Protein chains: 2
Amino acid sequence: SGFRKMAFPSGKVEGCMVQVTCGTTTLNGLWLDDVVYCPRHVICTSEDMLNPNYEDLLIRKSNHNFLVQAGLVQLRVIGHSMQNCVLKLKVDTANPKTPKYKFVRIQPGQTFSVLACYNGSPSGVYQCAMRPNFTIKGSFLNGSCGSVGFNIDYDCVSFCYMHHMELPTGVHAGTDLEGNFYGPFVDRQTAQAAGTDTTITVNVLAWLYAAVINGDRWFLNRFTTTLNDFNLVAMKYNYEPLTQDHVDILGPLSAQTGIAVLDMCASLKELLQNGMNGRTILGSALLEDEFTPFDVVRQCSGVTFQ
Amino acid sequence: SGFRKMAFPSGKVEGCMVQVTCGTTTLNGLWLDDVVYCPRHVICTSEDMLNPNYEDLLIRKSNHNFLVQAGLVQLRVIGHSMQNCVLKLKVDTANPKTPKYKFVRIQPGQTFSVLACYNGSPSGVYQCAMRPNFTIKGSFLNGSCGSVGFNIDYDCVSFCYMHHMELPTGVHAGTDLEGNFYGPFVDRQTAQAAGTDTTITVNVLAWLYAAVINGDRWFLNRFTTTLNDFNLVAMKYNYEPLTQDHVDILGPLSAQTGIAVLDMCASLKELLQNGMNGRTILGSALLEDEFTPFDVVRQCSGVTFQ
Ligand SMILES: CC(C)(C)C(=O)[C@H](Oc1ccc(Cl)cc1)n1ccnc1
Ligand SMILES: CC(C)(C)C(=O)[C@H](Oc1ccc(Cl)cc1)n1ccnc1
């Protein structure tokens with residue numbers, strides 16, 4: 001019993017972290033097979049970041065300008081290229097610790113673990129979600145760029161995020177491993193602001209199921225609702241509209257607990273309209289939205305990984 | 001910027017997890033050098049757990065009754081002994097992945113990371129604290145016993161917890177790596193209940209400093225207090241008494257922010273008496289107490305680990 005914000009074990013990703021230095025800038029890279037992936041802004045000065053022309057800046061860089069270090073051992077760079085907002089640095093040695101892996105582009109609402117690193121060295125691991133506004137709420141200091149987010153299924157690491165930017169409001173933006181930003185963000189220091197931080201309704205419902213499984217049931221009520229009635233309340237509270245697809249995804253948790261999805265929606269509706277009245281659910285005083293249905297099933301059943 | 005509940009990278013501990021089976025019971029063990037540590041209740045049936053005589057049950061077990069498996073490879077058990085509530089299974093092969101390590105017995109209020117495992121395989125990592133009542137609030141299912149808690153300083157893993165028991169109220173009890181339970185708990189299925197779950201005041205204050213560092217400052221007020229006046233309020237709210245030692249430990253965070261410790265105490269006092277008024281601090285609607293002062297400094301400065 002018990003339900004915690006849980007990250008994937010980080011060891012398979014730790015073995016892939018390197019330090020990348022270009023001129024005066026040091027950040028992290030991800031070493032998989034014979035390629036190191038890192039943010040293209042490694043080539044910028046702080047001055048450059050206001051209005052960088054990456055293609056032009058890159059002309060002045062050769063393979064030997066990209067210093068790649070794995071622990072205390074230097075890697076030899078034999079080629080480099082820009083793909084969208086990442087650089088791919090070809091090295092002469094395949095990472096002997098390369099796990100089975102895939103590159104995935106996730107949808108808003110999906111969760112993942114972040115291995116925060118500095119100077120190629122892991123500092124901590126924590127769980128995030130891709131927000132509906134395409135930011136993430138991370139913990140990233142200067143030097144953390146190039147840290148990655150990932151999910152694991154058994155023995156395969158699916159990398160879904162590389163960290164690039166902090167907005168002036170303290171939230172975070174980044175790319176998939178093909179170098180395409182999530183949402184509308186760019187690797188320039190400009191006036192870009194995040195849109196509404198909508199609550200991920202299907203995840204809140206999953207977490208309410210987790211609460212019931214783990215003994216917290218005070219919020220269950222005598223009511224039901226419909227998708228359309230619930231969504232009229234979801235809209236008022238800046239919740240994502242709940243779809244039939246979301247209902248179907250909650251099916252297994254509905255079956256395990258015997259609580260119909262629309263009944264749980266009615267419990268959530270009452271929580272939104274009435275608040276918590278100073279009570280808690282799974283040690284939280286707000287409605288948690290960074291557990292997916294699959295996260296809840298995984299943690300409540302004990303799924304492990306090679 | 002940003003502040004997250006962050007666990008240590010788990011790779012060094014992943015390399016130490018094995019599966020231990022004795023008769024019909026399977027749980028996790030920790031393999032360091034040529035010794036595997038695991039809970040002594042591996043030798044019990046579910047029936048035995050009501051009133052086990054461990055010394056007597058152990059008589060019926062030989063080295064070959066302890067099946068130890070590291071991934072898909074079996075380890076040879078050449079000796080075994082009971083030390084308090086753990087078994088030490090001597091194996092004929094030193095773990096080649098043994099990190100630098102220490103065994104530490106932590107104080108209530110100190111935090112640590114847990115690598116939850118099943119069948120010797122890591123499932124997730126999360127952050128915990130030793131509560132003032134000597135429980136921890138974890139996420140542990142059947143088969144998770146033998147999962148460990150730990151801290152890392154650079155390249156050395158300090159193991160501080162091994163999981164043994166779930167109380168009927170859903171909180172968790174366990175031992176240090178010498179096999180001594182934290183608090184008054186025992187490895188028997190009996191009526192043992194946890195005492196008051198007191199809030200770790202020094203950790204709440206550390207987290208309020210983290211909030212200020214990261215931009216959340218609405219709760220700063222015009223007031224100050226004294227230790228004795230604050231503690232009269234701490235007592236009413238089931239907070240641990242704040243000592244001069246705690247004040248001294250907060251010194252660095254006080255210096256970084258320029259907010260005197262007793263001023264932050266006065267802010268906390270107002271939060272306790274008035275509540276949050278529906279506001280949040282670092283994405284929380286309650287006062288978080290599972291970050292230590294050292295955790296806050298570490299995460300706010302970017303300390304990494306070999
Ligand atoms: C943007 C998205 C995810 C909808 C997309 O178009 C996706 O392409 C990828 C992009 C980045 C990676 Cl890392 C992986 C796939 N896709 C291709 C074919 N069907 C879907
Ligand atoms: C119980 C405690 C922590 C106060 C204690 O007595 C401690 O002993 C240990 C016990 C378990 C481990 Cl894992 C490590 C040390 N100690 C010895 C000498 N001074 C302090």
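Each ligand, and each atom within it, is numbered from 1 in the order the structure gives. No hydrogens, no waters, no symmetry mates; every other heavy atom, side chains included, goes into these values. Residue numbers begin at 1 in each chain, while the letters A, B, ... track the order of the sequences.
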B:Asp289/B:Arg131 ion pair, N-O < 4.0 Å = yes
Which word best sums up how the rings of A:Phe140 and A:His172 line up, parallel for under 30°, tilted for 30 to 60°, or perpendicular for over 60°?
-> perpendicular
So does B:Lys137 pair up with B:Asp197, basic N to acidic O under 4.0 Å?
-> yes
Measuring to protein heavy atoms, does anything land under 4.0 Å from atom 7 (C) of ligand 2?
-> no
Part of A:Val104 with heavy atoms under 4.0 Å of ligand 1, whether side chain, backbone, both or neither = backbone
Ligand 2 to B:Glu178, heavy atom cutoff 4.0 Å, flagged ligand atoms 10 (C), 11 (C), 12 (C), 13 (Cl), 14 (C)
Kindly state if atom 2 (C) of ligand 2 has a protein heavy atom within a strict 4.0 Å cut-off, that is, under 4.0 Å?
-> yes
Any non-hydrogen protein atom less than 4.0 Å away from atom 13 (Cl) of ligand 1 | yes
With no hydrogens and no angle check, do the side chains of B:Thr175 and B:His164 hold a donor and an acceptor under 3.5 Å apart?
-> yes
Would the B:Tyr37 and B:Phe103 ring centres measure less than 6.0 Å apart?
-> yes
Considering only protein heavy atoms, determine whether one is less than 4.0 Å from atom 10 (C) of ligand 1.
-> yes
Atoms of ligand 2 close to B:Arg105 [distance to a heavy atom under 4.0 angstrom, numbered from 1] | 1 (C), 2 (C), 3 (C), 10 (C), 11 (C), 12 (C), 13 (Cl), 14 (C)
Is it true that B:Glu178 and B:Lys102 have a side-chain N and a carboxylate O under 4.0 angstrom from each other?
-> no
N/O donor-acceptor pair under 3.5 Å between B:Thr98 side chain and B:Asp33 backbone | yes
Would a search of protein heavy atoms around atom 16 (N) of ligand 2 find one under 4.0 Å away?
-> no
Protein contact to atom 4 (C) of ligand 1 [nearest heavy atom, distance to 0.1 Å] = A:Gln107 OE1, 4.6 Å
For ligand 2, which atoms sit closer than 4.0 Å to a heavy atom of B:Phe103?
-> 13 (Cl), 14 (C)
